[PDB]
Each structure stands twice: as structure tokens, then as C-alpha cells.
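S.K.: Input file: run.txt. Contents: compact mmCIF, C-alpha atoms (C1' of nucleotides).
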# COMPACT_ATOMS: atom_id res chain seq x y z
CA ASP A 147 33.57 116.12 151.98
CA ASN A 148 35.31 116.68 148.65
CA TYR A 149 38.73 115.41 147.54
CA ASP A 150 40.67 118.10 149.44
CA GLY A 151 38.38 117.86 152.47
CA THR A 152 37.90 121.66 152.49
CA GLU A 153 34.30 121.63 151.17
CA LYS A 154 31.15 119.50 151.28
CA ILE A 155 29.18 117.96 148.39
CA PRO A 156 25.72 116.32 148.63
CA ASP A 157 25.60 112.54 148.60
CA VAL A 158 22.29 112.64 146.70
CA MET A 159 19.99 115.43 145.56
CA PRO A 160 16.56 115.76 147.29
CA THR A 161 14.77 115.41 143.97
CA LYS A 162 11.06 115.95 143.43
CA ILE A 163 11.20 114.78 139.77
CA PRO A 164 11.79 111.06 138.99
CA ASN A 165 14.90 111.97 137.03
CA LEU A 166 16.03 108.41 136.21
CA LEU A 167 12.88 107.39 134.35
CA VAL A 168 12.22 110.90 133.05
CA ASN A 169 15.57 111.94 131.53
CA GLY A 170 16.98 108.41 131.23
CA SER A 171 20.63 107.48 131.41
CA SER A 172 23.40 105.80 129.44
CA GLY A 173 26.82 104.76 130.70
CA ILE A 174 29.50 102.12 130.23
CA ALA A 175 31.01 100.73 133.44
CA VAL A 176 33.84 98.19 133.54
CA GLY A 177 31.59 95.18 134.22
CA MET A 178 28.11 96.66 133.93
CA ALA A 179 26.52 99.00 131.39
CA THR A 180 23.26 100.94 131.83
CA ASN A 181 20.88 102.11 129.11
CA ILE A 182 17.55 103.54 130.32
CA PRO A 183 15.20 105.36 127.88
CA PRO A 184 13.45 108.66 128.68
CA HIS A 185 9.80 108.84 129.71
CA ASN A 186 7.02 111.41 129.91
CA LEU A 187 6.81 113.26 133.22
CA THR A 188 3.01 113.21 133.51
CA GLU A 189 2.81 109.46 132.90
CA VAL A 190 5.60 108.74 135.39
CA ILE A 191 3.99 110.96 138.04
CA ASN A 192 0.67 109.18 137.44
CA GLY A 193 2.45 105.87 137.96
CA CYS A 194 4.02 107.17 141.17
CA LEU A 195 0.61 108.30 142.44
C1' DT B 1 -11.59 115.18 70.83
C1' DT B 2 -7.61 113.74 68.29
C1' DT B 3 -3.29 114.76 66.67
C1' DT B 4 1.46 117.41 66.06
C1' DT B 5 6.16 120.05 67.61
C1' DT B 6 9.81 120.64 70.91
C1' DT B 7 12.58 120.04 75.38
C1' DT B 8 15.62 117.49 78.52
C1' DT B 9 17.78 113.32 81.38
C1' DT B 10 18.39 109.04 80.83
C1' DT B 11 19.72 103.67 78.13
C1' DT B 12 24.25 105.62 78.84
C1' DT B 13 29.85 103.42 77.05
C1' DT B 14 34.28 105.45 75.35
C1' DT B 15 38.17 109.21 75.44
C1' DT B 16 40.84 112.17 78.30
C1' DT B 17 42.72 113.34 82.53
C1' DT B 18 43.76 112.66 87.28
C1' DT B 19 44.92 110.03 91.31
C1' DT B 20 47.29 106.23 93.68
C1' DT B 21 50.50 102.11 93.99
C1' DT B 22 55.36 101.33 92.64
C1' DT B 23 60.77 100.46 92.98
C1' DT B 24 66.96 102.84 90.50
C1' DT B 25 70.27 106.01 92.11
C1' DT B 26 73.41 109.14 95.38
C1' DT B 27 73.52 110.30 100.29
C1' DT B 28 73.48 108.31 105.44
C1' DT B 29 74.83 105.26 108.98
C1' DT B 30 76.97 101.06 112.03
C1' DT B 31 80.81 97.96 111.81
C1' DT B 32 85.83 96.53 111.73
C1' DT B 33 90.33 98.01 110.97
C1' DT B 34 94.23 100.83 111.41
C1' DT B 35 96.75 105.47 113.61
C1' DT B 36 97.71 107.80 118.41
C1' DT B 37 99.05 108.25 123.81
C1' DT B 38 100.50 106.66 128.75
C1' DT B 39 102.83 103.44 132.19
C1' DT B 40 107.02 99.14 133.86
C1' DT B 41 111.26 97.80 133.67
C1' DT B 42 114.63 96.34 131.29
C1' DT B 43 118.96 95.11 129.57
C1' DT B 44 120.56 98.33 127.32
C1' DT B 45 122.06 102.76 125.83
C1' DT B 46 124.26 106.78 126.75
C1' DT B 47 126.70 111.25 129.60
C1' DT B 48 131.04 112.57 131.73
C1' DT B 49 136.72 112.47 133.80
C1' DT B 50 141.83 110.83 132.58
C1' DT B 51 145.62 108.94 129.14
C1' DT B 52 147.26 108.37 124.70
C1' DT B 53 149.49 108.26 119.66
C1' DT B 54 147.77 110.41 115.83
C1' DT B 55 147.11 113.22 111.05
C1' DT B 56 145.82 117.65 109.20
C1' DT B 57 147.07 122.93 109.28
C1' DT B 58 150.16 126.22 109.01
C1' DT B 59 156.36 128.51 107.95
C1' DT B 60 157.58 128.86 102.32
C1' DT B 61 157.35 128.50 96.98
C1' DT B 62 155.16 126.82 92.19
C1' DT B 63 151.83 127.13 88.22
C1' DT B 64 147.31 126.84 85.23
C1' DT B 65 142.61 126.78 84.41
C1' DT B 66 139.16 128.98 86.26
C1' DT B 67 138.85 134.23 86.64
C1' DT B 68 139.59 138.21 83.63
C1' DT B 69 137.28 140.25 79.40
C1' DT B 70 134.00 142.67 74.97
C1' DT B 71 130.48 142.02 72.19
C1' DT B 72 126.13 139.70 68.92
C1' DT B 73 121.90 138.39 69.15
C1' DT B 74 119.07 135.92 70.89
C1' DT B 75 114.40 135.45 74.33
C1' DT B 76 112.95 135.87 78.56
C1' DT B 77 110.82 139.85 80.39
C1' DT B 78 107.39 143.38 80.45
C1' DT B 79 103.17 145.71 78.71
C1' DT B 80 98.19 145.70 77.28
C1' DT B 81 94.07 143.32 77.05
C1' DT B 82 90.63 140.05 78.38
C1' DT B 83 88.72 135.87 81.02
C1' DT B 84 88.16 133.16 85.64
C1' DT B 85 88.19 132.90 90.06
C1' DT B 86 87.96 134.83 94.75
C1' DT B 87 85.91 137.76 98.05
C1' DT B 88 82.73 141.11 100.15
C1' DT B 89 78.07 144.77 100.12
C1' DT B 90 73.38 143.99 99.37
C1' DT B 91 69.10 141.68 99.47
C1' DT B 92 65.90 138.17 100.81
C1' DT B 93 63.97 134.81 103.87
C1' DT B 94 63.18 132.54 108.31
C1' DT B 95 63.04 132.14 113.56
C1' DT B 96 62.18 133.73 118.37
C1' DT B 97 60.12 136.76 121.76
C1' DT B 98 54.50 137.71 124.30
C1' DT B 99 49.31 138.48 124.10
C1' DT B 100 45.49 137.45 120.68
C1' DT B 101 42.25 134.68 116.73
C1' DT B 102 41.20 129.85 115.38
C1' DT B 103 41.21 124.76 115.55
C1' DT B 104 42.88 118.94 115.49
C1' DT B 105 43.77 113.97 117.58
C1' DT B 106 45.00 108.56 120.29
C1' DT B 107 43.18 105.17 123.73
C1' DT B 108 39.50 102.28 127.94
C1' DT B 109 34.89 100.28 129.19
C1' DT B 110 29.86 97.39 127.27
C1' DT B 111 26.41 96.25 124.06
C1' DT B 112 24.28 96.23 119.61
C1' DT B 113 24.40 96.65 114.76
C1' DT B 114 26.61 96.38 109.88
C1' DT B 115 30.10 94.29 106.74
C1' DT B 116 33.45 90.98 105.19
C1' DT B 117 35.43 86.02 104.96
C1' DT B 118 34.92 80.64 105.71
Show me this structure written as C-alpha cells.

M.R.:
Amino acid sequence: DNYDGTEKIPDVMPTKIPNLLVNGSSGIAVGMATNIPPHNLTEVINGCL
DNA sequence: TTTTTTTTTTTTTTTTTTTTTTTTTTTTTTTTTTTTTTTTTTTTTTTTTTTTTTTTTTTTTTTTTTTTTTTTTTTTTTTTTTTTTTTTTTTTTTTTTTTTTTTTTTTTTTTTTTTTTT
């Protein structure tokens, strides 16, 4: 449920694409900090297979 | 195949101008110091009956020096003109209202790289 409690939000998307490796990410947390480069979708799917 | 003319951007560094850091003078601003106002009470001042011996005004008459007085000639007063100040129509500029068009900034958090100082 959302902040008001009047509507629902997904906890996680049911992805088919490996979005983390594919599109990458970059963010600055208080203690941690992530920096993940993008990747090619065909190569990542071959690795998954 | 060798040799000859011309064209411009650079070795440029110096003159002129512009931009950017500076600090004397009249207009603000916080402080201390002197003018205003309200209570207590307090000896002290001040309002009001009675008696009293006083000292200045009103019977009457006197004069003299200020009140009569006329007249010459000044000189303040009034007239016109022009300048200086005051005051009010006129104009200009700016601000606010509510729907529109556009934009612009300050910080956390981590991790890695430049970019100065020691």
C-alpha cells in the first residue's frame, strides 16, 4: 500500500529483462554508493542461459 | 625542370582603452542625557465668619500749564513698475489587480579526478 493507504504499488516488477546489468545504475546513499555500468542485452542473456 | 611574383598569419611587443580593486564626505543609527506626567502625605498653605481703628473720597473754592489754536513745510504715504516667492493645474511615472509568456538558484550524500600549497 502507498503512503495514504488508499492504493497499492508493486514491491518489485516481474521483469523479463536483466535491467540492472543492462541499463546499469548510479546512486549515492548515505553510507553506500552504487555505480554499475551498462551492458549489451544479447551478451547478458547469453550469460543467463 | 628550374626559377620568379604575390598573399596572408604568425615571431608578435607596444599604445589605447576598458575593467576591477580601492577608500573621503554627508546621511543614518544606538546610546546617554535631559524634559514631561501620576501618586503619598505632609507640614504647610490657604478659604471663610466676627471685631476693630483706620485713611482716602467727597461738601466747597483756587489757579496754571496742559488744552485751546493757525499755519509752513516738511516726508511719510501712495502710485507704478518689476522681481521673488508661494501656491495650484498639468503632466509624467510607477504600482497593484488576474490570467498568460519565459526563466534562475542554495544545500545533503559518496567516490573519483584535477588543481593549488607545504

S.K.: Calculate how many Å separate CA of residue 187 (chain A) from CA of residue 168 (chain A), rounding to one decimal.

M.R.: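 Pair CA of residue 187 (chain A) / CA of residue 168 (chain A) returns 5.9 Å.
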
S.K.: Could you list the residues in chain A lying within 7 Å of chain B, using all atoms listed in the file, and format the result as a list in words?

M.R.: residues 174, 175, 176, 178 and 179 of chain A

S.K.: May I have the residues within 10 Å of residue 183 (chain A) as a VMD selection string, using all atoms listed in the file and disregarding those fewer than 6 positions away in the same chain?

M.R.: chain A and resid 166 to 172

S.K.: Using all atoms listed in the file for the distances, tell me which of A:190, A:180, A:148, A:195 is nearest to residue 163 (chain A).

M.R.: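 Distance minimum relative to residue 163 (chain A) lands on A:190.
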
S.K.: Quick one, how far is CA of residue 155 (chain A) from CA of residue 173 (chain A)?

M.R.: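 So the answer is 22.2 Å.
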
S.K.: What does the distance between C1' of residue 117 (chain B) and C1' of residue 19 (chain B) come to in Å, to one decimal place?

M.R.: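 Interatomic distance here is 29.2 Å.
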
S.K.: As JSON, what would the box around region 170-178 of chain A look like: edges along x, y and z, 5 Å added on every side, centre and edge lengths in Å to one decimal?

M.R.:
{"center_x": 25.4, "center_y": 101.8, "center_z": 131.8, "size_x": 26.9, "size_y": 23.2, "size_z": 14.8}
